[PDB]
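This is what each chain is made of:
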Amino acid sequence: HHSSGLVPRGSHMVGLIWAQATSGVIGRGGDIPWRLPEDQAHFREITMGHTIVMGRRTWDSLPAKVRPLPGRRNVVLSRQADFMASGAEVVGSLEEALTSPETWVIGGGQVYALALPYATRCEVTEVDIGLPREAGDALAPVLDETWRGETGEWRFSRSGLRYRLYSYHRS
Ligand SMILES: NC(=O)c1ccc[n+]([C@@H]2O[C@H](COP(=O)([O-])OP(=O)(O)OC[C@H]3O[C@@H](n4cnc5c(N)ncnc54)[C@H](OP(=O)(O)O)[C@@H]3O)[C@@H](O)[C@H]2O)c1
Ligand SMILES: CCc1nc(N)nc(N)c1OCCCOc1ccccc1C[C@H](C(=O)O)C(F)F
């Protein structure tokens, strides 16, 4: 059955957006092990003007100078009663965080897994870098058969890596 690209203001659309290596790695040692300008631009194009929800460790991985990310309501998930995020809201659950009509979950590994049962869209960048999975890595969620996907062709980044975009939807 079909979904619409229009977001009625009384609904709670939840999407996830992440960049991964072909192995599924999204993070290691509290950082993202690549930077692709095309991915950075794409991330801002999708999320700008909406609420973004992130795990506390993803907030930590943002340089202090740049957070909160501008042009978006920044919401941070933490179970620690004394964690604070200057300029942003800290909430203790996904239920508290998903109050906007359109919310983009922007990481990390734990929060993607937490948010997936409520999500109806995923926007994925795949980077053609040979990074094998190591213990402790943050990993992308795996999408079951209820998701229908559009896979873009391989493109070439100014930074010299191949990459491609996926768009997934479900009802
Ligand atoms: N490639 C990408 O697209 C991408 C995007 C974003 C981040 N990343 C990377 O991914 C890594 C971070 O991912 P991660 O999995 O380690 O952590 P995370 O998902 O970003 O954040 C984990 C934290 O979220 C909080 N949390 C988790 N479940 C919760 C729940 N049910 N209710 C409330 N709070 C909850 C906890 O904070 P407390 O411990 O404070 O309770 C937990 O420690 C970093 O390397 C980052 O750079 C990659
Ligand atoms: C761009 C990576 C990415 N890509 C997709 N496709 N989805 C995501 N969720 C995603 O992580 C967004 C959150 C992590 O952002 C940072 C991590 C460390 C340092 C700086 C930033 C800010 C970014 C930057 O300037 O690199 C800015 F562009 F947002």
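Along every chain, residue numbers run from 1 in sequence order, not necessarily as the entry numbers them; residues that have no coordinates are omitted. Chains carry letters and ligands carry numbers; both start at the beginning, A for chains and 1 for ligands, and go up in the order they are written. The side-chain figures draw on all heavy atoms in the structure; neither hydrogens nor water molecules are used. Residues with missing side-chain atoms are left out of burial classes, side-chain pairs and their counts.

A.B. asks: Mind showing me how you'd approach the site of ligand 2 here?
C.D. replies: Around ligand 2 lies a shell of 15 residues, among which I17, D39, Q40, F43 and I106 are the nearest. In protein, a polar contact requires one atom able to donate a hydrogen and another able to accept it; more generally it is a pair of N or O atoms within 3.5 Å, and residues adjacent in sequence count only if both atoms are side-chain atoms. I17 has a polar backbone atom sitting 2.9 Å from a nitrogen atom of ligand 2. Between a nitrogen atom of ligand 2 and a main-chain N or O atom of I106, the distance comes to 3.0 Å. Throughout, the Shrake-Rupley method with a 1.4 Å probe supplies accessible areas, and for residues the shown protein chains are the sole cover considered. For ligand 2, whose free accessible area comes to 570 Å², the fraction covered by protein is 88%. Only runs of H or I of at least four residues qualify as helices and only runs of E of at least two qualify as strands under DSSP, and these elements are numbered from the N terminus. Among the secondary structure elements, those contributing two or more residues to the shell around ligand 2 are β1 (13-21) and α1 (37-47). If one sorts the elements of the shell around ligand 2 by residue count, α1 sits on top with four residues. Per-class residue counts for the shell around ligand 2 are nine nonpolar, three polar and three charged. The nearness test applies per residue and asks whether one of its heavy atoms lies within 4 Å of the molecule or strand. In this classification, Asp, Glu, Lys and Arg are treated as charged, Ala, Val, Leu, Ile, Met, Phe, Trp, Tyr, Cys and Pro as nonpolar, and every other residue, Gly included, as polar.

A.B. asks: Before we go on, may I ask you to explain α1 in this structure?
C.D. replies: One turn of an α-helix holds 3.6 residues; hence residues three or four places apart share an orientation. Summary of the burial criterion: residues with accessible area below 20% of their type's maximum are buried, those above 50% are exposed, and those between are partly exposed, where the area comes from a 1.4 Å probe applied to protein chains only. Within α1, burial applies to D39, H42, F43, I46 and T47. For α1, the angular spread of buried residues about the axis comes to 115 degrees, placing them on one side. In what follows, a contact means two residues having at least one pair of non-hydrogen atoms within 4.5 Å. Along its buried surface, α1 packs onto β1, β3 (51-55), β6 (102-105), β7 (121-127) and β11 (162-169). Remark: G49 follows α1 within two positions and exhibits a positive phi of approximately 85 degrees. What the arc measures is the spread of directions leading from the helix axis to the C-beta atoms.

A.B. asks: How do you make sense of the site of ligand 1 when you look at a structure like this?
C.D. replies: What surrounds ligand 1 is a group of 27 residues, the closest being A19, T58, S78, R79 and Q80. Between ligand 1 and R57 there is a distance of 3.3 Å, counted from an oxygen atom to a side-chain nitrogen or oxygen. Of all the elements in the fold, those that place two or more residues in the shell around ligand 1 are β1, β2 (25-27), α2 (56-61) and α4 (109-115). Looking at the shell around ligand 1, the element that brings in the most residues is α4, giving five residues.

A.B. asks: Would you mind going over the side chain of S78 with me for this structure?
C.D. replies: Structurally, the position occupied by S78 is in the loop between β4 (73-77) and β5 (89-91). Judged by its relative accessible area of 10%, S78 falls in the buried class. Of the polar contacts made by the side chain of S78, one reaches the backbone nitrogen of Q80; its length is 2.9 Å. Apart from the residues within four sequence positions on either side, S78 is in contact with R56, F83, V90, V91 and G92.

A.B. asks: Hey, could you run me through the nonpolar core in this one?
C.D. replies: Generally speaking, soluble globular proteins have nonpolar side chains that are buried together. To qualify as a nonpolar core, a set must consist of buried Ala, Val, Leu, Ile, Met, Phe, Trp, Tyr and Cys residues joined through side-chain atoms within 4.5 Å. One finds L16, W18, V53, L77, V105 and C122 to be the most contacted residues of the largest nonpolar core, which totals 23 residues. Counting residues per element, the ones that place at least two in this core are β1, β4, α3 (94-97), α4, β7 and β11. In this structure, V53 is in contact with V75, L77, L94, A97, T103, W104, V105, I106 and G107, ignoring residues within four places of it in sequence. Formed by 16 residues, the second largest nonpolar core is a distinct cluster that contains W59, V76, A85 and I106.

A.B. asks: What should I look at first to understand the packing of aromatic side chains in this one?
C.D. replies: Here the distance between the centres and the angle between the planes together describe a pair of aromatic rings. The aromatic pairing rule takes the rings of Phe, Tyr and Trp, using the six-membered ring of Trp, and pairs them if the centres are within 6.5 Å, calling planes under 30 degrees apart stacked, those over 60 edge-to-face and the rest tilted. In total, this model carries two aromatic pairs according to the counting rule given. When the centroid spacing of 5.5 Å and the interplanar angle of 55 degrees are considered together, the rings of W18 and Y112 count as tilted. In this pair, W18 sits in strand β1 while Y112 sits in helix α4, placing the two residues 94 residues apart along the sequence. The pair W18 / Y112 is uniform in exposure class, with both members buried. Note on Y166 and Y168: the rings are 5.8 Å apart at their centroids and 10 degrees apart in plane angle, and the pair reads as stacked. Classification of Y166 by relative accessible area gives buried; the value is 11%. Working rule: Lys NZ or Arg CZ, within 6 Å of ring centre, within 35 degrees of ring normal, means a charge sits over the ring. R162 extends its terminal NZ or CZ atom over the ring of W154, reaching a point 4.4 Å from the ring centre.

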